[PDB]
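Below: the structure, in structure tokens.
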Amino acid sequence: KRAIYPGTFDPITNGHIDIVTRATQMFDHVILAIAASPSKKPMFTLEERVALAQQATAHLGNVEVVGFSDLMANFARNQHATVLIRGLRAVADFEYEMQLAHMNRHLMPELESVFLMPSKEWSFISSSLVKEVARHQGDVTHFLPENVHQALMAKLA
Amino acid sequence: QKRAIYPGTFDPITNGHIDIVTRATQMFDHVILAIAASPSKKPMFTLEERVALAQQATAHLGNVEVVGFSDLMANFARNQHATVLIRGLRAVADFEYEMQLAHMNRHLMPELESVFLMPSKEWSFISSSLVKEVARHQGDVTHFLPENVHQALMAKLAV
Amino acid sequence: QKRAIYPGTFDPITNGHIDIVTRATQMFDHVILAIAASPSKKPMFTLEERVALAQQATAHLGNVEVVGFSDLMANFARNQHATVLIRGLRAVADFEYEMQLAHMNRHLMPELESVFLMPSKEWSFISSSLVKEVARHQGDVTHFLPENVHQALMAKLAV
Amino acid sequence: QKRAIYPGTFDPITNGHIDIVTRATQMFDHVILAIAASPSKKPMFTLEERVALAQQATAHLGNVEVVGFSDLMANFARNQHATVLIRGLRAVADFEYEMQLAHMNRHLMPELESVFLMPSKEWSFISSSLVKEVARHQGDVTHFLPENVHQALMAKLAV
Amino acid sequence: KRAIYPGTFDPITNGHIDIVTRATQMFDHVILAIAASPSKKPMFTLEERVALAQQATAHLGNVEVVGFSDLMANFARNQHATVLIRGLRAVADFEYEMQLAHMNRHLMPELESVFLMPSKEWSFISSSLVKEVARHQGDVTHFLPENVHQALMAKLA
Amino acid sequence: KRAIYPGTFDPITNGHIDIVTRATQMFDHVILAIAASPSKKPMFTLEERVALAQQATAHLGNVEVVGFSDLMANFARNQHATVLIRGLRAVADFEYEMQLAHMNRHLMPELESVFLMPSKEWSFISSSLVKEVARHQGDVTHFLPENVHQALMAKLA
């Protein structure tokens, strides 16, 4: 049983770590798939984001971090995944996640989207929010893996 | 080896509910469709009727076990050695209640993980409540129900 | 030639409801304000009282016909040769229920099209429920009701 | 000099409610925790029980006065010379009802300003309703309640 | 009775066709009005979008496709329309549609906004979503008129 | 008792005037704090926005208009404020305001976020909406202070 947790992870946060850890307690192999998402003008390069996530997830034995620029449905097929994992935060993410999952269902009917709910600790953060706080030299230590907080400060210097 | 519970009132089970258990059977080894007595909700069908309707409507699914329960849902999942809790996600108003509910279940049973599945567009606007409402007012609900459930619902409304 | 039905409980009719039918009379040739008995809701006013209050409060509108009905709303719209179904949109929680409702009505009567009108900012936060709640607790609701309806509501609460 | 009222059913008071009054005591000179009888809601605890539980659970707060009231909330705030109306904001479904409610209170008492405080993440998914539901079904609710309230809730459910 | 269905239509989708078809069963003349919307950086030019929509709607006798860069209220007056049609998809579109309709009511009180609900088939697609799927060479045949799908592939080649 | 009403105010609207006026009836001193927000590409410069807001609020004795580019929590501390005021319009603003307030609570626990509700009159406008209407030469007289409407037309000429 193979599941994919896709996202921009720009950068990966403790909310993302929360979700991927719950996915490893539930599925045999989880692929943390980092979308290139160049339309989003990500702060970190795909190679940067893959490196940050690999280091931030190394203590989790059954997580494989991979970058990709493909269509999600094609990449899920090529990875032999039948489960797509997405974290559910708020009502505005939810409605977009539904359009997404229905689109992914259209493109790959046997690829099933499942939504996990993060801990309350991370229920109000996002990559975007942490980055804006860090641009104003605010403390984001609590929201990020050490390697990621270390790298985020270096990139904003 | 992964044991998943899909709990609910199933008053009666609908094609949306069938959609959800069928997707859950494709992900987990054993799925327990747990029918809560929910005496608080004053159900149209008895718990045995709901179990019977749910059993025959899921009978073609090899790894579904239809079971009733009157315990607190977390207390039942613990006793069933279930680690996955299945919930179907319809609209945003379901979402907000599901979130409170899942945080409560996590407090009560941290090792029980709540999982949200998404129904087909076909069933994304029906509920047991609405279907019953339409049938109480002589509206056609055949499209939303298993055949065995449509006959029990028709038979129940004649009297 | 276009026949539109605006159904609801109207328990009692409010200035928000008047806002909606008045905008509907500017778009369609004949508007049927259909008062559902909604015995399920245990209404404060009787169906004849609601019809009477609604008739006089809409009497200045030439193409409004106030009618009661106890059928399923789609069954009534079919028999009235109505092809437009008017619903007033208040807030997002109305929206989610209106969407399920309209998909149900489309299943039951495809040729009946559901249309959503938007009330004035003035009435975008009132409902029959809230107005009644405030008046049961001796609050001023004069601003939200037609004069004839405010007197029936005052008279109904004295006893 | 600023007098603030925090009204509600408090059936029973929870740690979310304590969170809100405690933040309100840090902003306003005197906070009135107003316990509405809400006979409409068929409360689990009597009004005197709710006042007593709320008094001891807030007793460490110097500028909190726990008071019961059966008037319309605006009528009570007027008589208490309160100009700030405290409401706790949980999720989006609370928001939509709070907005209608606050516009109503502004109509009834323009000089009473509604203020929305945000609870801790800890209590952002609990309510009196859900806690009671879990405890009626033999679930652990110790984490969500003041100690004095957990004993009254345990004692109330034994019989 | 004259109604306007305005939008960016970048490009027009089967959801848009759904809504405009329902409007023609309800009103005598419907003007599918394509807003230039240069703030949105549309993928297709206004002339491209007007051509695509004209061809995609030709089988509907009482639809007139027009482009415009005016203020909506002025354009509705100049077209002798008293009805503004908008399709309602999700909760996040809804709140914006309300600010819009109230603004349009302020500018032209007799111009009434009416909201139609698309079929479940199109309740989870958008121009944006289809375009992103097509950028990754995903099948969007089901969501578009043939001429529009044909043109969307050519523009992404 | 010192409260801060922060925002982009690009430009300040009658909804903003509504909220700040309610804050002055409730707190002793209100600081209308204008965030530089260069990520938003504001139409008016920070100096322009501060000038517009000062003039638009001059009749309110206990409002001090200030611009800032700092972290909100640091600026609130430096102004000796313990109250952060935000206006609540719709469900989509609400969820973002929660992530914000929880972030600000993390950074400054004693800085309490409080939400005021504007009048129905301004419950459907935004700086963004007014600006788009003014770009199409639409009447925005009703939504803005005179000095701000006067300046908005000049900037769009």
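Each chain carries a letter (A, B, C, D, E and F) given by its place in the written order, and its residues are counted from 1.
As a working rule, a residue touches a chain if its C-beta (ideal position, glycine included) is under 8 Å from a C-beta of that chain, and two chains touch if they have at least 3 such contacts.
> What chains touch chain C and also chain D?
B, F
> If you tally contacting C-beta pairs, which comes out ahead, C-E or B-E? Let me know.
Comparing B-E with C-E, the pair joined by more C-beta contacts is C-E.
> Since chain E and chain F share one sequence, what rotation angle in degrees maps the C-alpha trace of one onto the other, as a multiple of 5?
With C-alpha atoms aligned, the rotation comes to 120 degrees.
> Averaging only over C-alpha atoms, locate the centres of chain D and chain E and give their separation in whole Å.
About 47 Å separates the centre of chain D from that of chain E.
> Compute the distance, rounded to whole Å, between the mean C-alpha positions of chain A and chain D.
39
> Determine the centre-to-centre distance between chain A and chain B, using the mean Cα coordinates as centres, and give it in whole Å.
30
> Mind pulling the residue numbers of chain B that touch at least two other chains?
Those would be 92-93, 96, 99, 103, 121, 125.
> Under the stated contact criterion, what part of chain F meets chain D in this complex?
Spelled out, the residues of chain F in touch with chain D are 1, 22, 25-26, 82-83, 88, 91, 94-95, 98, 101-102, 110, 112-117, 120.
> Could you list, by residue number, the parts of chain A that touch chain F in their complex?
The touching residues are 90-92, 124-126, 129, 132-133, 136-139, 142.
> Mind listing the chain F positions that touch chain C in their complex?
Where chain F meets chain C, its residues are 91, 120-121, 123-124.
> Over in the complex, which chain C residues touch chain B? Could you list them?
That would be residues 71-72, 74-75, 92-93, 96-97, 99-101, 103-104, 107-108 of chain C.
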